[PDB]
Structures are given as structure tokens and as C-alpha cells.
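Written below as C-alpha cells is the structure these notes are about.
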Amino acid sequence: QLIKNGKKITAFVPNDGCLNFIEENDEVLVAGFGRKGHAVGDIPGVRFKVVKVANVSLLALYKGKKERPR
Amino acid sequence: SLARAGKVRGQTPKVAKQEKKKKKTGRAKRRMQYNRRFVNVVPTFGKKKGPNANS
Amino acid sequence: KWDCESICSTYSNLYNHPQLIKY
Amino acid sequence: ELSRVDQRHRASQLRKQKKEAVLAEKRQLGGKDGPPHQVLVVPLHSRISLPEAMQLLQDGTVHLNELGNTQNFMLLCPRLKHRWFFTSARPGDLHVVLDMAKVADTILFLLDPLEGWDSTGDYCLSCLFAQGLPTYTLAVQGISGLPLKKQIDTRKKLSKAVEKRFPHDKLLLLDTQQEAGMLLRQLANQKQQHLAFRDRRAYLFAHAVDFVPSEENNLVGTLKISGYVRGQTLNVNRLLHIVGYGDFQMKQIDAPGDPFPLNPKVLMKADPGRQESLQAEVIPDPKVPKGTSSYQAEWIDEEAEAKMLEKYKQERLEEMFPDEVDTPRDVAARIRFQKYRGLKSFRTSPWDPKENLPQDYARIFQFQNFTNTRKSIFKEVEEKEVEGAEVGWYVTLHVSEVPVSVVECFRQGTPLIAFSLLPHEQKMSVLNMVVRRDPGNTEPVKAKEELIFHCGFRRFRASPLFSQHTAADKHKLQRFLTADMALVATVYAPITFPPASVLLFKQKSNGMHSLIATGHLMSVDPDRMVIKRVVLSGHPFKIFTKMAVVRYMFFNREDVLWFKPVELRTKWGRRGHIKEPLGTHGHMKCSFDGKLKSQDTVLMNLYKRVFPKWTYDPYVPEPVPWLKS
RNA sequence: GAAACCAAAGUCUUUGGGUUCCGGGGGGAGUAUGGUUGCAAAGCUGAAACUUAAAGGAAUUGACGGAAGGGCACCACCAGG
RNA sequence: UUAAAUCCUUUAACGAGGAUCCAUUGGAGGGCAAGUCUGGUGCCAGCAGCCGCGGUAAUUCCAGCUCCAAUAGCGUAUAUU
């Protein structure tokens, strides 16, 4: 649920095992998926991908460069 | 019903990265690349072999 | 007379239940 | 939206609403009506001397609390219209830092100018990120004692050195009293990070402690804990948990005078009999001739390191070959694997959740619908107001049944933090905790090993079970705690309602608790099936087309007959089944889908539901201060 | 000219005789809503959110036909043993 | 140098053998430069802007090695040409 307007979004979490970094009720930075408002690839109806959780990137969490607090 | 997260990332056997000597950087890498593609050219009949042709 | 599959018919599923907290 | 004046009016309305909410949330912390703003102060490096930093930090008016070891004070000022209560921790001292960081409103980290933090500072900082961070502020102390050419590079070097843990956070410097006032001004006006476990329950930091024994020979009596309530309204009927000493009944709440009011005896409540909550963790109600045979009668110090290297070998074996067990030649496989069964599909084959339960499920509690109960409890703590002691009041608690030891621990320096629980939180059940492993520690941890849990203001020892974190009704047991995966640790424990942080420690040697894993608490149910798998392997040594003769997988004739209905699979992807055992030994005929290679391997999987061990004990030893090995 | 085809569907990258209406990947949809006209049926004007990687056009081959005609065989039948 | 400094510039002393004074970021089926290499997985986990890959010999996932591109920079999201 977006902070500024309250609108609801489904967002993809990219790499494998990366869903385990997210818990319920935490801040998530979300970007576009690629096609400017269009569904991308296999995933039906999803325009968005998550970029950051708890102000650490998914890439540093996946490659083990940083750790997330709560 | 199914829906594992990171089954294959966590199941694959962990193999340590080797210790290799470092690469040259900058102009010297370009020199080593130039020497490999234009200077000691190895003639071939039809050139089906790439730089990373393995088997 | 029993094997791996038939013997599971002998397990009774009504004995050691934990106490239920109703809603 | 239309009509530009209307959409600007809509925006102004929404601004007024959100700003009203902000002005609501900012009055609750360090004010006249509110409780003191609690600031924990932690020096992350061993070079940092905390006393001159806090002598900088005490200047308003100072009211020094005192304990045997820990020295903490009260600061009160009308220049900022703010009341702070400062506390001091030492990193490496696990229980103290963790205990008064789960009550602090703001952590102030103190940093070395040259290096970022100590190795023990990293240990503490891992434990603090993992168990829940409040609002935090960075401060450095030795920059001013340098020439300015060194000062600029030192501050840039620190700003590079902290970004791996604090990526974009401004670090202030603390050398003067003007900078002390600047830092106090920063700490007063900040976005408060809210921790949910603090928010749903009624917690308390103990400012003074008085003890009177009912019988000294019994070494028990009533205890008087006085401080500011912080969470929700404190009701007397609910039980009270002291963080290191367990959960038990409190008798009376009274409100003395607030000793440090921001701008300068009566009994509130006594506990009823029927409306009180009971202390009940478990369930209280429990013609042949002489010489012929049958074959014719048908016609008529270093041992610890040895086990250490053994555990190393077992860990390396259970990742190359995940669940393979060599079948014992002496014991029949129908007896050694008697409780095991074969599932056609680990996803879709049925398993009865209530089929063969131990005697330990007859001692715990279960939920008819845990989601509905949790939603009701949370709705009745938010939307319903109770006539107990409201938030921010300096109160004194008379708790009834409490041992002596707490008091002298309070005289030693250990902080006492007490929180009032939700309904159904003393009772035993089976907690499921999702968890992943710290890169700091690489010791192999087996399945039923004794570990230390920090599960949301509690602390105990127990032996978990590790499972795949799947969406299915069955979850496979992991015999070891894998390094990078996320796993479920399942164990008997008193029920806690999520959200709640989870930390897993191991008693290392001479009192060192090594942080091995961290995560959070998932839903509580003993209905979660954990299934231990055994994979038996045999060698197909006579291969024909679509049929094979396999050996070394069983060793009797009726071992093959017992495990006949289980489907066999194959390392190279084939799928088949047993037809007949041929020899008196364990040779068998197996029909497969395609032709098998001579290089190939036949194997079948057997399954049994494994349950945790009742090994819960709330006592946990106090650590020694932590250091690298 | 994509071609089928077309003395116009030509005089078009060697692109300008004058002028009118009008299309811009498939759907949602000629739908909703508003206006207007009509006794009504309806007519005219006419969206968006959303959805989708192709829908479509001209030709070209001929699996399989439950499509049709023929020829052959006591491992097909007929008359029999 | 400058208001006083810092930095640059000018200068003494010390300062370099690869286990250092150690370059990254994206890729390696096609578009599009660069592997039908080895292990794991087995329509799962995942990848994949698009075409598509993965259901037991995966040139595409996860890895190891190797190669390719730009390079003190290189990826992604969005607006715009």
C-alpha cells in the first residue's frame, strides 16, 4: 500500500530466495518493471518490482553485502 | 502447495572461488588485448573458433 | 501380513489431542 | 478532480488531517503528559570512554539514579521542554544491552574517529539490528583533538567506514557543551521509529525496587517495582512478565508522586479473584515329527573435538547427499524404519495431522483459528479502553510471588524490565519461527541441539526442529541449519502473538553466547507437520530392458516385501517399482519406465512425522562479556 | 502495386493541379456518460480505467479427407475341403 | 596561497614485486560482442525489455572456470528526443 496516496499495488520480488527478506509491515521502495505501465513477461497484471526493503537494497541483501534492521 | 523461496540457490553445493593473480587495468589491458587479436595471429582455414571456444 | 502401506490403517487419529482454545 | 479551487481545497484538507496526526504522535514522548524520553547510550568501540561523554551529555537539571555497576541519570530541561532519561550500556554485555534496548526510545551510538567500531561493537550492532532498532543517532567524540587537515579526512574516512551499516545517516560530533545542546536538540526532534511489540503490550522500566519477604525461609515475598508505564494501559488482571525471571501474578497497582515532573500513596487497583488470569502453562488433567524341517513340513577434552570433526563430516555428507542413510545389515529395515512410510508425492499425498500424536501434545494448547483470535485481541487492545493505569503515570507495582534473586540483580546493575502480557500468553504451545543464519558464525548446528531463544521479550533454552519454509501442509526436516537458506525452527514454548523478533544463540565456552541465527516469529500451531525423510539407496547390477535386478538396498527377503508399495526413483530421473524379491538376501526385481544405465542408482524415500523435544526451561545463564576468538 | 489485379488503383524518394470527408496494432466499444433530435424504437456526437503480442491482407505448397474413381491378393472374399 | 587558512603549484626526508599500493559493473541462445565447458536443479526454484528457456543430456536458472563490453565508472526505474 503506497504511502503518499494509499493506492494498492502488487510488486514482484526478483531474485530467488529474495522473498524471505521481506516481512509484513515494512517499508518497500518499488520501481517500474520496464514497459511503462505494462505487464512484463510471465507475471500477469504486475507492473512493479521491489527495489529496497527497510532502506537496504535487495541486491546487497541477495549478494550478502549488507544486513537489514527491523 | 509448493511455493518455495530459494530452493535452488540454497540447495546448490557451495564451491569456493579460486585464488588467481590479478588482471591488468587500464591501458595495459588494452595493450594485452590488442596483442592477442592482431599481432600474433594464428592462421586457420575457416575460423570457426572464438576467443572462448571450449570443446 | 502387513506391509508399509496397510499398517497405516492401524494408526488411530483420535487419542492425544491438545486442548482447543475456541474463537 | 476538476475546478482548481476545489482540488486545492482537497489538498489543504488532507494536509490538515495528516498534520493533525503528526501533532498527535509527537506529544507522546518527553513532555508534560508523556513519559520520559528514554535514551540508551552505547559506545561501539573499546577506545571510547563513556564517562566523559556522559559528563558532556548531562549538560537543565540532573537527577542521578544509581546502581551498583550501571550509572544512569535523569535530565530535565525547559529550554527544549523535554524530559530525557539516559542509560549506559557496554557492548558485548548481551543481556544488559538487549534488555534496555527493547525499552529505549532512542539509541545513541558513540564511534571512534579512526576506526568505525570494535569487533564487539559489530557483534552488538548485529544483535541490535536483528532484535529491532529504535530511533538511532550517530555521534563521534575524537575529531576535535586533531589538526584540521586530519579532521576533514578523518570525517570523510568515517563516513566511508559506516556506510556498510548506516548507509545515509548524518553523524554528529560531540566535544563541547554547545555540541551537547545541539545533540540534545537533535534527539528531541526526530522521526520516532515505532517497534510493534512494544506498542501492543504494556511495558515498564524499573526506576526503583523494594522487597519484603512473606517468609525469609521460603525466600519469597512481594516486590515493589516503580517506574513509568510506557505501552498500553496497564490492567492488573493480566499477568506480569519480568524479562529474565518469568511471568507471574501482580497484586496491586498504586500511584505515588511523580518524583521528577517536567514542570513543578493512593491505591489505584487491587486484583479481583474471578477476573484474574490463572497461572497455568500446561494442561492439568492428564503334529510334526522329530527331525523334519519346515521346508518339508509344508508337505505334511579431545573427545569434544572428535565429536566436532564428526559433526563437520556429517554436515559435509548431508549436503552432497541430502538425506541418504545406509541401511543396517544387522537390524531388519522393517524394524529400524518401522515408523516410516512412503509418500507418492510430498506435495499431494495426504497426511493426517492428528494421526500419531505423542504424549507431549496432551500438555499444550491449540487454537481453533489463530488469525481470528489475534485479530480480536488486537482489536480489543486498540479499540477498547480499559480502566487500568494510563500511559505515562509513575506507578508502583506490588507483585506477589517472586524470588529473592531479582533484587540483588537489581543491586548489581542489571536493569529490570517488566511487560504486561496479552491474554493466552503464559500457556504452552508449539512456536514456529522463520530464521536465517548469521555470516559471523559457521559452526555446524544439528537439528535437536540445545540453543538459546530471544523470542520477543522472553529468553529461554530449547531444542528446535528445522524445516523447509514451504507453503505445503508437509514441511521436510533439515538435519542441519544451512548457511544461506531461510528455515523454520519449531519448538514447544509459551505462546507469543506476532510480530516478534527472534534470536538464536549458542553457549560457546566459558559463558560466551555466540549469535548463530536470527529472524522472526511466524504463526503458532502444533498442526504444522515436520517430516523426517530417509532415502535408501541400492545398486542396479543386472540391467535388462525396462527391468532390473537391484542389490545392497535391503538385506532380507521380507524387507523387500514390507517396503514393496513404495515407488522407487533413480538418480538419472527414472521412476519404477518393486515386483519380486529373488534371493533369500535383499535382491529385488524392479520395473522402470526407461532403460537404466549401469552407472545409475536406485533409491526410495521414507517419511515419518517428527515432533520437538520437551526441553523448555526459562532459566538462561548470564553471559560473560563477548570477545573474538 | 503486398499481390490479386488496375488504362486507373498510372503519370510517387525523378515525391507539389485545386479542394472535401476521413484512418493510425487488436480489444474494452460505437459501450458508458453528457448533449441534441425523435411519440417510441432509436439516430447523430462519443470516452476512459483496463486488457493484449499479435489480430489482419494477398499469394504458395499439399498431411489428411468420414472425397471420388480404378487395379491386385485363398496371409481378401465367393463355392467348398 | 589567503582577511586568516585549506586545496592546487614549488619543494627536503620516507614511500613498489606481485600472498601489494590487489577495478568495478553488467553480460556470454537470438536481436547483440562473448562457452553448445564442468557440478547442482528437474515446468520446481528461477531467468527472460521481446522471441522465449526450465517437465533427467538446460548454449538461457544457481554456481565454478573461462571469455565479452564499457571503464573510475557501470546497472535499473521514470519523463523526454
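Labeling convention for the C-alpha cells: chains A, B, ... as they appear, residues from 1 per chain, ligands from 1 in order of appearance.
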
What's the 10 Å shell around residue 36 in chain F, counting only C-alpha atoms (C1' of nucleotides), without same-chain residues fewer than 4 positions away, as an MDAnalysis selection string?
(chainID B and resid 53:55) or (chainID F and resid 29 59)

Neighbour list for residue 132 in chain D as a list in words, cut-off 10 Å, only C-alpha atoms (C1' of nucleotides), skip fewer than 5 positions in-chain
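What passes the distance filter is residues 69 and 70 of chain A; 98, 101, 102, 127, 193, 194, 195, 196, 197, 456, 500, 501 and 502 of chain D.
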
Go ahead and save the picked residues with N, CA and C atoms, as an mmCIF file, in the first residue's frame.
```
data_model
loop_
_atom_site.group_PDB
_atom_site.id
_atom_site.type_symbol
_atom_site.label_atom_id
_atom_site.label_comp_id
_atom_site.auth_asym_id
_atom_site.auth_seq_id
_atom_site.Cartn_x
_atom_site.Cartn_y
_atom_site.Cartn_z
ATOM 1 N N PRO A 69 17.858 -4.024 9.231
ATOM 2 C CA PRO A 69 17.261 -3.985 10.563
ATOM 3 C C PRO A 69 15.745 -4.040 10.497
ATOM 4 N N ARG A 70 15.138 -4.067 11.677
ATOM 5 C CA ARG A 70 13.686 -4.039 11.788
ATOM 6 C C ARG A 70 13.192 -3.153 12.925
ATOM 7 N N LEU D 98 20.587 -5.836 25.308
ATOM 8 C CA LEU D 98 19.347 -6.274 24.685
ATOM 9 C C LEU D 98 18.138 -5.933 25.548
ATOM 10 N N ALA D 101 17.666 -2.023 25.376
ATOM 11 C CA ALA D 101 17.379 -1.530 24.043
ATOM 12 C C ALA D 101 15.999 -1.920 23.564
ATOM 13 N N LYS D 102 15.348 -2.872 24.226
ATOM 14 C CA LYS D 102 13.960 -3.173 23.921
ATOM 15 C C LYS D 102 13.013 -2.322 24.734
ATOM 16 N N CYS D 127 23.302 -7.820 16.827
ATOM 17 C CA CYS D 127 22.207 -8.206 17.713
ATOM 18 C C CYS D 127 21.135 -7.123 17.794
ATOM 19 N N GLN D 193 10.976 5.914 15.384
ATOM 20 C CA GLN D 193 10.767 4.567 14.865
ATOM 21 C C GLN D 193 9.930 3.829 15.891
ATOM 22 N N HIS D 194 8.820 3.251 15.456
ATOM 23 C CA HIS D 194 7.941 2.532 16.367
ATOM 24 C C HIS D 194 8.226 1.038 16.267
ATOM 25 N N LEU D 195 8.431 0.394 17.409
ATOM 26 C CA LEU D 195 8.555 -1.055 17.454
ATOM 27 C C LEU D 195 7.210 -1.641 17.851
ATOM 28 N N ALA D 196 6.744 -2.645 17.109
ATOM 29 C CA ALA D 196 5.358 -3.083 17.259
ATOM 30 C C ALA D 196 5.146 -3.868 18.547
ATOM 31 N N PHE D 197 6.135 -4.671 18.940
ATOM 32 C CA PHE D 197 5.989 -5.487 20.137
ATOM 33 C C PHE D 197 5.912 -4.623 21.388
ATOM 34 N N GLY D 456 10.954 -12.286 21.451
ATOM 35 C CA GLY D 456 10.030 -11.208 21.738
ATOM 36 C C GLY D 456 9.837 -10.954 23.212
ATOM 37 N N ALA D 500 7.153 -10.350 16.412
ATOM 38 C CA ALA D 500 8.127 -10.547 17.476
ATOM 39 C C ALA D 500 9.451 -10.946 16.851
ATOM 40 N N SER D 501 10.539 -10.340 17.313
ATOM 41 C CA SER D 501 11.864 -10.707 16.837
ATOM 42 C C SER D 501 12.307 -12.022 17.458
ATOM 43 N N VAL D 502 13.227 -12.716 16.794
ATOM 44 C CA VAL D 502 13.733 -13.998 17.266
ATOM 45 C C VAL D 502 15.240 -13.997 17.087
#
```

Tell me which protein, DNA and RNA residues are within 10 Å of range 63-65 of chain F, counting only C-alpha atoms (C1' of nucleotides), leaving out same-chain ones fewer than 6 positions away, and put them as a PDB file with C-alpha atoms (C1' of nucleotides), in the first residue's frame.
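And here is the file that came out, out24.pdb:
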```pdb
ATOM      1  CA  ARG B   9      20.021 -21.047  -4.596  1.00  0.00           C
ATOM      2  CA  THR B  12      23.408 -25.945  -4.828  1.00  0.00           C
ATOM      3  CA  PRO B  13      26.787 -27.081  -3.440  1.00  0.00           C
ATOM      4  CA  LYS B  14      28.982 -24.182  -2.320  1.00  0.00           C
ATOM      5  CA  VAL B  15      32.242 -24.068  -4.263  1.00  0.00           C
ATOM      6  CA  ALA B  16      34.879 -21.590  -3.148  1.00  0.00           C
ATOM      7  CA  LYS B  17      36.289 -19.016  -5.543  1.00  0.00           C
ATOM      8  CA  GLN B  18      39.830 -19.765  -6.673  1.00  0.00           C
TER       9      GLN B  18
ATOM     10  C1'   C F  37      32.812 -26.357 -20.838  1.00  0.00           C
ATOM     11  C1'   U F  38      32.036 -28.852 -15.661  1.00  0.00           C
ATOM     12  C1'   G F  39      28.656 -29.610 -10.981  1.00  0.00           C
ATOM     13  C1'   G F  40      23.537 -28.704  -8.938  1.00  0.00           C
TER      14        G F  40
END
```

Need the shell around residue 3 in chain A: protein/DNA/RNA residues with any atom at most 12 Å away, counting only C-alpha atoms (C1' of nucleotides). Skip same-chain ones fewer than 6 positions apart. Format as a short mmCIF file (atom, residue, chain, number, x, y, z; two decimals) with C-alpha atoms, in the first residue's frame?
```
data_model
loop_
_atom_site.label_atom_id
_atom_site.label_comp_id
_atom_site.auth_asym_id
_atom_site.auth_seq_id
_atom_site.Cartn_x
_atom_site.Cartn_y
_atom_site.Cartn_z
CA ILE A 9 -0.05 -2.39 -5.73
CA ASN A 25 4.51 -4.13 7.57
CA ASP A 26 7.87 -2.83 6.43
CA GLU A 27 8.81 -0.02 4.07
CA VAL A 28 9.44 -1.10 0.50
CA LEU A 29 10.83 1.02 -2.33
CA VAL A 30 9.20 0.00 -5.63
CA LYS D 18 -2.13 14.34 8.23
#
```

What's the 10 Å shell around range 20-22 of chain B, counting only C-alpha atoms (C1' of nucleotides), without same-chain residues fewer than 6 positions away, as an NGL selection string?
:F and (18-19 or 22)

Write the residues of the selection above to a file with C-alpha atoms (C1' of nucleotides), as a PDB file, in the first residue's frame.
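Dumped to again13.pdb:
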```pdb
ATOM      1  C1'   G F  18      53.093  -9.132  -7.421  1.00  0.00           C
ATOM      2  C1'   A F  19      50.102 -13.760  -0.821  1.00  0.00           C
ATOM      3  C1'   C F  22      45.120  -6.419  -5.062  1.00  0.00           C
TER       4        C F  22
END
```

At a cut-off of 9 Å, which residues of chain F touch chain D? Count only C-alpha atoms (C1' of nucleotides) and give the answer as a ChimeraX atom specification.
/F:6,42,56
